[PDB]
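# Residue-level structural notes
The residues making up each chain are set out below.
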Amino acid sequence: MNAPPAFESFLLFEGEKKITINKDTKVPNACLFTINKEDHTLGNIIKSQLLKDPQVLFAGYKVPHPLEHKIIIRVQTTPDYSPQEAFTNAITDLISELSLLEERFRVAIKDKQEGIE
Amino acid sequence: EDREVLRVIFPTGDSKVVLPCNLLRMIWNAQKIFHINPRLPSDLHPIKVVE
Amino acid sequence: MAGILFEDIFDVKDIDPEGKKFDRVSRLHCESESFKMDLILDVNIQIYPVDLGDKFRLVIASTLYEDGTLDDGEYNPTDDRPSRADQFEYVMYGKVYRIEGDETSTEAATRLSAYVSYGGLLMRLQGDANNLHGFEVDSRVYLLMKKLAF
Amino acid sequence: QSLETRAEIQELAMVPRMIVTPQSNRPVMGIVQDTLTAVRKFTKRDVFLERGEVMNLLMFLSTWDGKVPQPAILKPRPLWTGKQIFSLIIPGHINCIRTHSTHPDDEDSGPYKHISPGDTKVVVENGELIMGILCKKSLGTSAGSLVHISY
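The numbering scheme restarts from 1 for each chain and tracks the written sequence of that chain rather than necessarily the entry's numbering. Residues without coordinates are not displayed. To label them, take the chains in the order written and letter them from A, then take the ligands in the order written and number them from 1. Any value reported refers to the chains on display, which are one part of a larger assembly. Hydrogen atoms and water are omitted, and side-chain values are computed over all heavy atoms in the structure.

In the PDB archive, cryo-EM is given as the structure determination method for this entry, at a resolution of 6.3 Å.

### Regarding the overall build of chain B
In plain terms, the rule: Only runs of H or I of at least four residues qualify as helices and only runs of E of at least two qualify as strands under DSSP, and these elements are numbered from the N terminus. In this description the radius of gyration comes from C-alpha coordinates, and the expected globular size is given by 2.2 Å times residues to the power 0.38. Burial here depends on accessible area, computed with a 1.4 Å probe over protein chains only, as a share of the maximum for the residue type. Under 20% is buried, over 50% is exposed, and the range in between is partly exposed. Only the protein chains shown count as covering a residue, and every accessible area follows the Shrake-Rupley method with a 1.4 Å probe. Positive charges come from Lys and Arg alone, negative charges from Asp and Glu alone, with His and the N- and C-terminal ends not counted. In plain terms, the charge of a residue is placed at NZ if it is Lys, CZ if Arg, CG if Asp and CD if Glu.
Looking only at helices and strands, chain B has three helices and zero strands in total. Scanning chain B from its N terminus toward the C terminus, one meets helices and strands in the order α-α-α. Computed over its C-alpha atoms, the radius of gyration of chain B comes to 16 Å, more than 25% above the 10 Å expected for a compact globule of 51 residues. In terms of its C-alpha atoms, chain B occupies a principal-axis envelope of roughly 40 × 25 × 20 Å. Counting over 51 residues, chain B shows a buried share of 4%. In the structure as shown, chain B presents an accessible area of about 5,400 Å², 62% of it carried by carbon and sulfur atoms. One way to put it: in chain B the 7 positive side-chain charges average out to a point 13 Å from where the 6 negative ones average out.

### A closer look at unusual backbone geometry
Note: most peptide bonds trans; most residues except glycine with negative phi. Residue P76(D) is bonded to the preceding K75(D) through a cis peptide linkage, with omega at 10 degrees. Position of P76(D) among the secondary structure elements: in the loop between β4 (73-75) and β5 (80-81). One non-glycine residue, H35(B), lies in the positive phi region at around 60 degrees. By the element assignment, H35(B) lies in the loop between α2 (23-34) and α3 (46-50). Here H35(B) falls in the exposed class, since its relative accessible area comes to 67%. Residue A109(C) is not a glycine yet carries a positive backbone phi of 55 degrees. Judged by relative accessible area, which is 55%, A109(C) ranks as exposed.

### Overview of the interface of chain D and chain C
Note on interface size: it is often stated as the accessible area lost on association of the parts. Condition: Two residues qualify as a contact provided that any one of their heavy atoms is within 4.5 Å of a heavy atom in the partner residue. Throughout, the accessible surface (probe 1.4 Å) given up by two parts as they are put together, summed over both, is called the buried area. A carboxyl oxygen of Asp or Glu within 4 Å of a side-chain nitrogen of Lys or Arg is what we treat as a salt bridge. Two N or O atoms form a polar contact when they lie within 3.5 Å of each other; inside protein one atom must be a possible hydrogen donor and the other a possible acceptor, and for residues adjacent in sequence the pair counts only when both atoms belong to side chains.
Taken together, the contact between chain D and chain C spans 27 residues of the former and 32 residues of the latter. Here chain D and chain C share an interface that buries about 2,700 Å² over both sides, 58% of which is from carbon and sulfur atoms. A per-residue breakdown of the area chain D buries against chain C is headed by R45(D), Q70(D) and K75(D), which together make up 26% of the total. At the boundary of chain D with chain C, the tally comes to two salt bridges. Ionic pairing is found between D86(C) and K75(D), a salt bridge with its closest N-O pair at 3.4 Å. Linking chain D with chain C are 12 residue pairs in polar contact, by the criterion used here.

### Some remarks on the side chain of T77(A)
Of note, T77(A) is situated in strand β4 (residues 70-77). A polar contact of 2.9 Å, which involves the side chain of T77(A), links it to the backbone oxygen of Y81(A).

### So, the packing of aromatic side chains
The following threshold applies: Between the rings of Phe, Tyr and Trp (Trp by its six-membered ring), a pair exists once the centres lie within 6.5 Å; its type follows the angle of the planes, with under 30 degrees stacked, over 60 edge-to-face, and the other angles tilted. Counted as over-ring charges are cases with an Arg CZ or a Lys NZ within 6 Å of the ring centre that also lie within 35 degrees of the ring normal.
What the rule picks out here adds up to eight aromatic pairs over all chains. An angle of 85 degrees between the planes, with centres 6.0 Å apart, marks the rings of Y75(C) and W80(D) as edge-to-face. A residue pair is termed interchain when its members come from two chains, as with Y75(C) in the loop between β4 (55-61) and β5 (90-100) and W80(D) in strand β5. Connected via pairs of aromatic rings, a cluster forms that spans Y48(C), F56(C) and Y90(C). The ring of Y65(C) carries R81(C) above its face, with NZ or CZ at 5.5 Å from the centroid. Sitting over the ring of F22(C), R45(D) keeps its end group 4.6 Å from the ring centre.

### Observations regarding the pattern of salt bridges
The final tally for this structure, using the stated rule, is 21 salt bridges over all chains. Of the charged contacts, one joins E11(D) and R17(D) as a salt bridge, the two residues approaching to 3.5 Å between their closest N and O atoms. Given a relative accessible area of 44%, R17(D) falls into the partly exposed group. Where salt bridges share partners, they join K52(A), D93(A) and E97(A) into one cluster.

### Some details on the pairing of β4(C)
Residues and elements named next belong to chain C. Here is the rule: For two strands to be treated as a pair, DSSP must find at least two bridges joining them.
Taking burial as the measure, the seven residues of β4 include five buried ones, the bulk of the element. Where strand β1 (residues 4-14) meets β4, seven bridges bridge the pair, whose relative direction is antiparallel. Bridge pairing in β4 links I9 to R57. Sheet topology places β4 next to strand β8 (residues 141-146); five bridges connect them, and they run antiparallel. Paired with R57 across the bridge in β8 is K146.

### Let's talk about the environment of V28(D)
Residue and element names in this part refer to chain D. As for its placement among the helices and strands, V28 is situated in the loop between β2 (26-27) and α2 (33-43). Along the chain, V28 and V147 lie 119 residues apart, while their C-alpha atoms are 9.9 Å from each other. Excluding residues that lie within four positions of it along the chain, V28 makes contacts with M18, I19, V20, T21 and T141.

### Comments concerning the packing of helix α1 (residues 40-52) of chain A against helix α2 (residues 83-110) of chain A
Residue and element names in this part refer to chain A. The test is simple: Convention adopted: a line fitted to C-alpha atoms gives each axis, helices being fitted over their contacting stretch, and angles between N-to-C directions are expressed from 0 to 180 degrees. Angles below 35 degrees are treated as roughly parallel, those above 145 as roughly antiparallel, those between 65 and 115 as roughly perpendicular, and all remaining angles as oblique. Classes in brief: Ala, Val, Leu, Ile, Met, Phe, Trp, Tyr, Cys and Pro nonpolar; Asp, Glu, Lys and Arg charged; the others, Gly included, polar.
Close contact between α1 and α2 brings their axes to 9 Å; oriented N to C, the two are set at 105 degrees. Considering the angle they form, α1 stands roughly perpendicular to α2. In contact with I45, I46, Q49, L50 and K52 of α1, α2 contributes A86, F87, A90, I91, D93, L94 and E97. The class makeup of the residues in the contact of α1 with α2 is eight nonpolar, one polar and three charged.

### Here's the deal with the nonpolar core
The test is simple: Think of a nonpolar core as a cluster: buried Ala, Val, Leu, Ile, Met, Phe, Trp, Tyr and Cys residues, connected wherever their side-chain atoms sit within 4.5 Å.
Grouped together as the largest cluster of nonpolar side chains are 31 residues, with contacts concentrated most on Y90(C), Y118(C), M123(C) and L143(C). Going through the elements one at a time, β1, β2 (25-32), β3 (38-44), β4, β5, β6 (112-118), β7 (121-127) and β8 of chain C are the ones with two or more residues in this core. Counting residues per element, this core draws most heavily on β1(C), at four residues. Leaving out residues up to four positions away in the same chain, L143(C) has contacts with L41(C), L58(C), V59(C), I60(C), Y90(C), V91(C), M92(C), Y118(C) and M123(C). Grouped together as the second largest cluster of nonpolar side chains are 16 residues, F33(A), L50(A), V56(A) and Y61(A) included.

### Focus: a negative patch on the surface
Condition: The patches reported here contain residues having more than 30% relative accessible area and no salt bridge. Joining distances are 9 Å for like charges and 5 Å for nonpolar side chains (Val, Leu, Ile, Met, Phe, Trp, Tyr).
Where like charges cluster on the molecular surface, the negative patch consists of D105(D), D106(D), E107(D) and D108(D). As for its placement among the helices and strands, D105(D) is situated in the loop between α4 (82-89) and β6 (123-125).

This is the structure in structure tokens:
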């Protein structure tokens, strides 16, 4: 047997950290974010929120190997605006859309329905 | 003279032989890299080529 | 504004040569109203609905940003300089691979054909007035198509 | 089990060095199976990609310089063609010709009828794919192939 314990798919390891940031040297003003113990559910959404932002030149993510829980996000922005701030803002923005979605949903359920609970 | 010898080498008259160093592909690279214009006059003296 | 390599208003002779025809991309066969220049060109018919009866304006340019070069590539959506005609309905970017006429004869070098490639969408022009502008060069040339007139 | 034998394997037997076989001076390995059908399907002249799909593919490439090429169609909307994205993969300036020879086009006389871009012919220059679908004839283990020219 060689199969990992299935919980090891999502629990962070005690010697690891959740995100890691490394600069790219091929082009000016760019970054590489490492997200550990995460999957397409997270990776794909953050890609779409960043591409919505018009200051972002490039955004993409790739899961380096399927057996290996980790994703990388490359983002590149204009010199006038740090790429890190776009990422933080992109999450907060996303957090805001989901919060509004949750409030509208509960209220929509609250609409003249019965057996709602 | 080389042409006459070469007919004796290949009496069946095939044009396809195995050789090192693809000369057409190298020449083709020279045109592509030096950006040689096919229309503009070349800057090359033939005796330099022969030597 | 870009230094104009070629400029004309074209009429469509046919949309399906050989007739074989395909999706998204379609091969136009055209003729310039000067009746001294010929054109064969692919266009993305899915996003630019052409018609057989349509009369097109075609322009060819060596640049977009006023006069200086653009060989940077990297399309840069962040630019906002009104240097581009951008006024045209259909624009393509591409490279020239062949150009191509009889020159063997006495003084020949008369009547000329250019082959252009816009990322795998092919183009062919015949002329003699474009003799100063056609070059087998790196990715640089732009096709701007507009209006389809009236 | 030693540094001498590890050196001898790394230098002599290692797989990027077993590529063009002396068994018949053509590559031993070229693109196979499912990818090969997907490369055919991908290089066709009708394939177009939005800014998002190109960025995603660029992200999977390895030696990518980091400069998104200008899309072959700027207007009415950004579009990259298939051949174009493929040109980022082809090394520094590898350059083939011909190798169109699938069923398509014609059994030798049709293309001479002036070359009406019948789209089969596979032309590449300065390491940039100019036209035409890729297949077993270009990428396969055939003597004249693209993989042969890279090596």
